[PDB]
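Structure assessment
The residues making up each chain are set out below.
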Amino acid sequence: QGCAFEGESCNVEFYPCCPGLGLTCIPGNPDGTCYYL
């Protein structure tokens, strides 16, 4: 649990972006968009 794709809205409190790939939720608080680093 806690895997979001690019362009999707993820929360940095329980359901963050997808790890291992390199995504980042912007702003993320409470939730942001998962962008590739």
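Residues numbered from 1 in each chain as written, not as in the entry; some residues may be left out. Heavy atoms only, no water. Residues with missing side-chain atoms left out of burial classes, pairs and counts.

Method information in the entry identifies solution NMR as the source of the structure.

With that settled, the discussion passes to the overall build of the chain. A tally of helices and strands in the chain yields zero helices and three strands. Starting at the N terminus and ending at the C terminus, the chain contains elements arranged as β-β-β. By principal-axis analysis of the C-alpha atoms, the chain measures approximately 20 × 20 × 10 Å. For the chain, restricting intrachain contacts to residue pairs at least 6 apart in sequence, the fraction spanning at least 24 positions comes to 17%. (Helix = DSSP H or I, 4+ residues; strand = E, 2+ residues; numbered from the N terminus. Contact = heavy atoms within 4.5 Å.)

With that out of the way, let us pick up the nonpolar core. Counting residues in hydrophobic clusters, the biggest one holds six residues: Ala4, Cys10, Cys17, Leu23, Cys25 and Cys34. Setting aside residues up to four positions removed in sequence, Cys34 forms contacts with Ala4, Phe5, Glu6, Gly7, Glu8, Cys10, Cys17, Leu23, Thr24 and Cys25. (Core = buried A, V, L, I, M, F, W, Y, C linked by side-chain atoms within 4.5 Å. Buried < 20%, exposed > 50% of the residue type's maximum accessible area, 1.4 Å probe, protein only.)

We now examine the state of the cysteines. For the structure on display, the rule yields three disulfides. Residue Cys3 pairs covalently with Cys18 via a disulfide, S to S 2.0 Å. Taking the sign of the S-S torsion, about 130° here, the bridge from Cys3 to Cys18 comes out right-handed. Of this pair, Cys3 sits in the segment before β1 (9-11) while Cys18 sits in the loop between β1 and β2 (23-26), and the two are 15 residues apart along the sequence. Relative accessible area serves as the criterion here: at 4%, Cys18 is assigned to the buried category. Across the chain, the disulfide pattern expressed with sequentially numbered bonded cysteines is 1-4, 2-5, 3-6. (Disulfide = S-S within 2.5 Å.)

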